[PDB]
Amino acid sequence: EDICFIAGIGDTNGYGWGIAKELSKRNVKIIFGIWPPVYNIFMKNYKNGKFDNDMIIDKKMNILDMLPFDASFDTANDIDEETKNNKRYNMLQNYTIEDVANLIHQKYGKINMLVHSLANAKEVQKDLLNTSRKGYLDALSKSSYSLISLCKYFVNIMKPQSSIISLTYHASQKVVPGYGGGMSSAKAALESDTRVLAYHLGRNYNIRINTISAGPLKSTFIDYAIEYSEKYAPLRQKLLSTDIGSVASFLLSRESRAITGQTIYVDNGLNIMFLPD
């Protein structure tokens, strides 16, 4: 009985979903953490059967639960009155990082797989030089610190030899004009933090953590990235969300017990190239 919490899904079109699908093959029970502002929409679509085709594995994806989850709030203490008043949030509760860990632990006990699959930058459209302090720190808060806080709070509800992964992108290491707003900065911090966290979690809890540097998925510039990737990557096949999924599944399993602190590239090998051929 393995249970994985996936923080950061909004539809079946991203990595979170591809990871849920592949894990389901291993009979892993899935819990979704969903950004409150799209939680109700997601529940509706799910109810209206919009995801039924997406859920087929002759095996059904076993979704144990779907919970509102906001990566920018650590505890009930951090909720500002403007979101308290806020339309969407008003009718939802217990969606802070610590609140969700308590809920899950209470309802289902300890888990052993954790997926951080979320990024947000309010100024992702502006290049770095034109990003505001507010926009930059928002990017870091939502995309980088959220990983640390996730680990801080979920470690108490995880079994020993548990495993954790996040998703990153090569803009951290090499220049991708157009990946702005401090998203590149956020990814660089996330990959560094993955190492620092791997040391602490490894020594203190025997828990592993790694990150997957993924190629482009259509989930503007994304159309460029995907086209360029499919033209110039070593491997011609289309990169599927389940290509990341099967890698994630392996990193979350005990088959990878000796791998931690790593950035693992799942991008058809595009990262290895220097000049177009």
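For clarity, a rigid core is taken as the largest C-alpha set superposing within 1.5 Å between two forms. Just count from 1 along the sequence shown to find any residue number.
Here the rigid core sets the fit, and in 6 other deposited structures of this protein the C-alphas of 79-87 stray farther than those of the other stretch, out of 147-155 and 79-87. According to the entry, the deposited sequence places 1 to 3 unmodelled residues between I57 and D58. Counting the deposited residues that fall between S219 and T220 and carry no coordinates gives a value of 10 or more. For the pair 159-167 and 76-84, the mean Cα B-factor is higher in 76-84. Looking at mean Cα B-factors across 225-233 and 248-256, the upper value is held by 225-233. Across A188, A139, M91, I148, the entry's maximum B-factor at the CA atom is seen for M91.
Comparing the C-alpha B-factors of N206, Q125, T194, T96 in the entry, the top value falls on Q125.
In the deposited entry, the Cα temperature factor of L275 sits in the top third of values across the chain's modelled residues. Among the modelled residues of the chain, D11 sits in the highest third by CA temperature factor in this PDB entry. Per-chain ranking of the deposited C-alpha B factor places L114 in the lowest third. Among all modelled residues in this chain, the alpha-carbon of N120 has a temperature factor (C-alpha) in the highest third. Per the PDB record, residue ranking by Cα B-factor puts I41 in the highest third of the chain.
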